[PDB]
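K.L.:
my sequence and its experimental structure, below.
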Amino acid sequence: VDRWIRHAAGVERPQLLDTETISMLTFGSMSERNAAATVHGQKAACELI
Amino acid sequence: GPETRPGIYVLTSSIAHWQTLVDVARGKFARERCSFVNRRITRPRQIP
Amino acid sequence: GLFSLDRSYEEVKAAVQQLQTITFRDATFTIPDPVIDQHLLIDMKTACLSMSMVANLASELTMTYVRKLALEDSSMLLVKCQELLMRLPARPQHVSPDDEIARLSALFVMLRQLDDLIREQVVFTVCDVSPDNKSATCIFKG
Amino acid sequence: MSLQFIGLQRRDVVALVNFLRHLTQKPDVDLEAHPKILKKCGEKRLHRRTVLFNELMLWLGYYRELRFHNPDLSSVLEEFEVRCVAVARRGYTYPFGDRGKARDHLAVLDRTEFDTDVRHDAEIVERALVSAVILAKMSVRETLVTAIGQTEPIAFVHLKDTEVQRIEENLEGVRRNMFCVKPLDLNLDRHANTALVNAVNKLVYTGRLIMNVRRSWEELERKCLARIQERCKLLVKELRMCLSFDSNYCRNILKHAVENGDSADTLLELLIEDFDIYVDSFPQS
Amino acid sequence: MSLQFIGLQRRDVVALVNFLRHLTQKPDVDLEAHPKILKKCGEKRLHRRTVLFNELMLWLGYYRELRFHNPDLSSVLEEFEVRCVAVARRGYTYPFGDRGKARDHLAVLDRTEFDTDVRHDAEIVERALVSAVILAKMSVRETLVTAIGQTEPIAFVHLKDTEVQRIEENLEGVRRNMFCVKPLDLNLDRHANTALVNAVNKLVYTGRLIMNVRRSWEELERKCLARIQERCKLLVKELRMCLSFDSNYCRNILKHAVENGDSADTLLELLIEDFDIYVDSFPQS
């Protein structure tokens, strides 16, 4: 069921294999890579049900 | 078996790096290295 | 060198290709001629020697512990690591704190025996890197 | 528990009951292997409704003795489990011309296990044979087949034609008799053949012994299940010709689906315990 | 194959025809050990030509059967590999006072096999056994020979005389009847010494069991050819005195060498079809 969930939102698995960065990913790090192009600059938007 | 004797040695060497030093060390001391695993297989529930 | 053993030489090229590349820290890297050598054969020897004894030094409550944590806790690291393992309440068979503390103390020695082969003699401990990234201060040199 | 029949004489029933009491002792354990038993049915001599019943009581009692006896593969399977991994240790000691290819079959043989499901046992032996004969050919250095999708045939290797004719002949009776296995054909030990090849020859001898029993058990059981429903599809229409109470009362027993032997286990005791009420429904004498 | 004789009575023939089927059960496997069979030759009661020739069909018949039976290496030859696998496995375990000297003793013990040739199988046991007995004394730190050129005689370590008085009888009783196949797996295990040293005594005894049957195989086959060659040359001077088409033809049959297996078997097969062409030379009644 978890495979269908990440595919539904499109979210990638952290990696196909466990690099030390993956343990660093749970240590607390900038998980997201910068976009290849950002004509609009910084982006943000939260959520409130 | 009955007792594990100490084996002191003084060993001057031009080697300084820890990796290169231990590798050549296993040639002269391979017999005692054989004794270590041998004590394990003979004695379950014993961990030298 | 482990994959090169026990497998077809044509299959080795498929593994050497993905392994020779290193994309670590932005810049790409590649290993020149990683020829198999007797220097690897002794390097594989100390790893193969540590590969076995750590399985003997490991406590029954140690190697089993990862399989038991999945029964209740669930997490990302627990799932991604569990797939690498082979597919296969309850009391511990025995708990001897003096016998168990001894099993761990010996286990650390083989790890240092195994970890050091990928370790290298550290030489620098840089503090404040220069903005140009063309120079940096260092300590502990030698 | 006793089988019921309409017009059959007591002299005929004794020949039939003894056929079931000692069916394992009899050569060729199959109903088609004994057409004379169907000549005891009273075929043509009696009405077609009764002919379906005299057979239906036999198919239920023939299937019942099979479920009651049940072949014991597990005893031979324990010997197969010991001979299995014992071949693998010889393979690590034996050099090959391609070190990587040899593990691909040895790794499957080291993975061997026996799940409680007997349905997969015909498949468990197959990978045990793919790990066997393909490995033995590498020791002989004879070329393996390279055709895509073509698993190698499984048979004894490098035996004399008189020798192949003998040990293989026992397997033909293993299909005819899955119960009273009688091996005692032991002279495959090296003398001339390589020692790793000899364990593979004993390994195939165990694997052929398993597949012949599991296939005959799957076949004879699947065969009787089809024959029982064929008795029902005809009898329900033959009983449609009359609307008498006893003629209709039998149809209610047949309403059950006879999938597997599970419904037959209820169908048999129910048909016998209440047989007296409709015994006159079938014409006799 | 088809033995034939001149002066023997029909009652003497049935006793010899039964000797083929009954040879396996007979105590003391030696025609010299059963003089009464040789007293049936009719010596000092018939002409010397028929008498000396009478033994030749019997000695060749005694020779044709021994090769036909073959020593029953069967599972017992495989059993030597089983106990050898245990001593070879524990030789990597127990510490010794050396390292590289015992290292060669273990690898040569791991090289033991069984050749496709039957005669050469003794050569593997002849060397692998001596390498194993030396290893057992090293666990005891028992003195080993240092004198030049001497091989250590086989000798069990730390075994009581209560078994030594009987265990030699098994080595002699199997020598008394080479056809017999006794596994002789008694309670060899003991609380004394250790699992390694006890495994050695179980293994060293298995090599003596093979060496005794193997030397017995040449104890007769090499000996009977020396006897047939002795009976042959003595027959030449007797047949030579007469000049006839049959008396000269009998000398030609003896020209073939007694040596080697098939060359000795050729002496009988040539004589079977040609038995009647020279029969007139031998007086009867």
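P.N.:
Arrived safely, thanks for sending. Residues are numbered from 1 along each chain as shown, chains lettered A, B, ... in the order given.
K.L.:
can you tell me the closest non-neighbouring residue to the residue of chain B found nearest chain A?
P.N.:
Closest residue of chain B to chain A, Cβ to the nearest Cβ: residue B:19 (21.6 Å). From N, CA and C alone the C-beta is placed, and that goes for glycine too. Distance criterion Cβ to Cβ, 6 or more residues apart in numbering or on different chains; nearest residue to residue B:19, sequence neighbours excluded, is residue C:116 at 6.8 Å.
K.L.:
and the helix or strand containing the residue of chain B closest to chain A, what's buried?
P.N.:
Assigned by DSSP states H and E, residue B:19 falls within helix B:18-28. Under the neighbour-count criterion of 16 or more other Cβ atoms under 10 Å in any protein chain shown, helix B:18-28 has residue B:23 buried.
K.L.:
ramachandran coordinates for residue C:136?
P.N.:
Phi and psi for residue C:136, reported as degrees, to the nearest 10, are phi -160, psi 150.
K.L.:
hmm, residue C:126 and it touching each other?
P.N.:
Yes - assessed by Cβ atoms under 8 Å, residue C:136 is found in contact with residue C:126 at 4.7 Å.
K.L.:
and the helices in chain A?
P.N.:
With DSSP state H as the criterion, chain A has helices at A:2-9, A:20-28.
K.L.:
deepest in the core, which of those is it.
P.N.:
When you average the neighbours per residue for each of the helices of chain A (mean count of other Cβ atoms under 10 Å in any protein chain shown), helix A:20-28 leads with a mean of 11.
K.L.:
what about the residue of chain A found nearest chain D, how many residues nearby?
P.N.:
Proximity of chain A to chain D (Cβ to the nearest Cβ) peaks at residue A:17, 21.8 Å away. By other Cβ atoms under 10 Å in any protein chain shown, 9 other residues sit near residue A:17.
K.L.:
and it, how far from chain C?
P.N.:
Per Cβ to the nearest Cβ, to the nearest Å, residue A:17 is found 9 Å from chain C.
K.L.:
cool, and residue D:221?
P.N.:
Counting by Cβ to the nearest Cβ - residue D:221 and chain C are separated by 31 Å.
K.L.:
how about that residue, secondary structure?
P.N.:
Under DSSP: H, G, I helix; E, B strand; the rest coil, residue D:221 falls in the helix class.
K.L.:
next, count neighbours for it.
P.N.:
Residue D:221 has 14 neighbouring residues, counting by other Cβ under 10 Å.
K.L.:
try residue C:122
P.N.:
Residue C:122 has 7 neighbouring residues, counting by other Cβ under 10 Å.
K.L.:
near chain C, which residues of chain D show up?
P.N.:
Proximity of chain D to chain C (Cβ under 8 Å from any Cβ of the partner chain) is limited to residues D:98-101, D:103.
K.L.:
which of the three states applies to the residue of chain C found nearest chain B?
P.N.:
Nearest to chain B in chain C, going by Cβ to the nearest Cβ, is residue C:106, at a distance of 5.1 Å. At residue C:106 the chain is in helix, as set by three-state DSSP.
K.L.:
spit out the contact partners of it.
P.N.:
B:47-48, C:57 (Cβ atoms under 8 Å, 6 or more residues apart in numbering or on different chains).
K.L.:
which of those sits closest to chain E?
P.N.:
residue B:48 (13.3 Å).
K.L.:
could you find the closest non-adjacent residue to that closest one?
P.N.:
residue B:39 (5.1 Å).
K.L.:
burial count for the residue of the stretch 151-285 of chain D found nearest chain C?
P.N.:
Closest to chain C within the stretch 151-285 of chain D is residue D:196: 18.6 Å, counting by Cβ to the nearest Cβ. Residue D:196: 18 surrounding residues under other Cβ under 10 Å.
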